[PDB]
Amino acid sequence: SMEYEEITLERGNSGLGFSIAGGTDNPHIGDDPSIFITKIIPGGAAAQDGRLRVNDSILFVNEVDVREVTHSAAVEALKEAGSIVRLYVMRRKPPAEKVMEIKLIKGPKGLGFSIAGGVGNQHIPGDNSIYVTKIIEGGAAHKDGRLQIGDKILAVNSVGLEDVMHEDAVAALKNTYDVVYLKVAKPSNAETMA
């Protein structure tokens, strides 16, 4: 569900008008060495054009491939890009989702899964959503067999997890006993084996 767009900007007196973070030497989100837009400077070229967005990823600058380069190499690619700069960016489209309620019994071994995300620890650029990253084999979640990696936890019991800090999500998952209702979001589109 990735969306690509070529954005052509005319360099101005104050530059192109945006800030970047990332590079093979300083992953903006750990591991991923992509060059991300972190800010759109008001009044600048990027802002006036209106197409560039925070969390957009710059894959190419004119003919230069910056998908896997050092931060400095990207800054230089941009500084040397001339007056008319063609930015080829990528931004993710949120997949179609279907809500599902999963009831787990919390035993001594706990819920048996790991999560990532939340404000202050986003799992995907832009995305404050709480995601399942791991499901312990033989664990409660596993035994039930419904919860899957990539699933979004929208709520725990009556507690919503939209736009919350990572710590608050963890607290919501821990403030539980016996019966636990996980409201989850799974990708709508699916195929069935016949």
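Residues numbered from 1 in each chain as written, not as in the entry; some residues may be left out. Heavy atoms only, no water. Residues with missing side-chain atoms left out of burial classes, pairs and counts.

A tally of regular secondary structure across the protein gives four helices and twelve strands. Overall size of the protein, expressed as C-alpha extent along the three principal axes, is 65 × 40 × 30 Å. Once local pairs closer than 6 in sequence are excluded, the contacts in the protein between residues at least 24 apart make up 62%. (Helix = DSSP H or I, 4+ residues; strand = E, 2+ residues; numbered from the N terminus. Contact = heavy atoms within 4.5 Å.)

Comment: phi is negative for the bulk of residues other than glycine, and the bulk of peptide bonds are trans. The residue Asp31 is not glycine, and still its phi comes out positive at about 90 degrees. Tracing the backbone shows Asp31 in the loop between strand 2 (18-21) and strand 3 (35-40).

Once that is clear, we can look at the packing of aromatic side chains. A complete count under the given rule lists two aromatic pairs for this structure. Look at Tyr4 and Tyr88: their rings are 6.1 Å apart centre to centre, the planes differ by 20 degrees, and that puts the pair in the stacked class. Taken together, the positions of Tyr4 in strand 1 (residues 2-10) and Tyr88 in strand 6 (residues 84-92) put the pair 84 residues apart, joining distant regions of the chain. Overall, the relative accessible area of 45% leaves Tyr4 in the partly exposed class. (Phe/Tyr/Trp six-rings, centres within 6.5 Å; stacked < 30°, edge-to-face > 60°. Buried < 20%, exposed > 50% of the residue type's maximum accessible area, 1.4 Å probe, protein only.)

We now examine the pattern of salt bridges. Taken as a whole and assessed by the stated rule, the structure comprises ten salt bridges. In this structure, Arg86 engages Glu63 in a salt bridge whose closest nitrogen and oxygen atoms are separated by 2.8 Å. Note that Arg86 is positioned in strand 6 and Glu63 in the loop between strand 4 (57-61) and strand 5 (64-65), a separation of 23 residues in sequence. Take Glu63: its relative accessible area is 72%, and that puts it in the exposed class. Between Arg67 and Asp65 there is a salt bridge whose closest N-O contact spans 2.9 Å. A residue is classified by how much of its surface remains accessible, and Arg67, at 43% relative accessible area, is partly exposed. Bridged by salt links that share partners, the residues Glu3, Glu5, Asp56 and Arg91 form one connected network. (Salt bridge = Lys/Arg side-chain N within 4 Å of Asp/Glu carboxyl O.)

This part takes up the domain arrangement of the protein. You can read the domains of the protein as domain 1 (1-95) and domain 2 (96-194). Distance between the C-alpha centres of domain 1 and domain 2: 32 Å. Facing six residues of domain 1, the contacting portion of domain 2 comprises seven residues. Sorting the residues of domain 1 by area buried against domain 2 places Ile29, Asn55 and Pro95 first, and these three jointly supply 76% of that buried surface. Taken together, domain 1 and domain 2 are joined by two residue pairs in polar contact. (Domains from an automatic or database assignment. Buried area = accessible area lost by both parts, 1.4 Å probe. Polar contact = N/O pair within 3.5 Å; in protein donor to acceptor, adjacent residues only side chain to side chain.)

This next bit is on the environment of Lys98. Here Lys98 shows up in strand 7 (residues 97-106). In this view, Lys98 contacts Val184, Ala185, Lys186, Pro187 and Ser188; residues no more than four positions away in its chain are not counted. Polar side-chain contacts of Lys98 include one of 3.3 Å to the backbone oxygen of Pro187.

All right, on to helix 4 (residues 166-174) then. Taken residue by residue, helix 4 has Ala169, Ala172 and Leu173 as its buried positions. Burial along helix 4 is one-sided: seen end-on, the buried residues are contained in an arc of 95 degrees. Among the exposed residues of helix 4, those pointing more than 90 degrees away from its buried face are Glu167 and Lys174. Contacts made by the buried residues of helix 4 are with strand 7, strand 8 (113-117), strand 9 (130-135), strand 10 (152-156), strand 11 (159-160) and strand 12 (178-187). (Arc of directions from axis to C-beta.)

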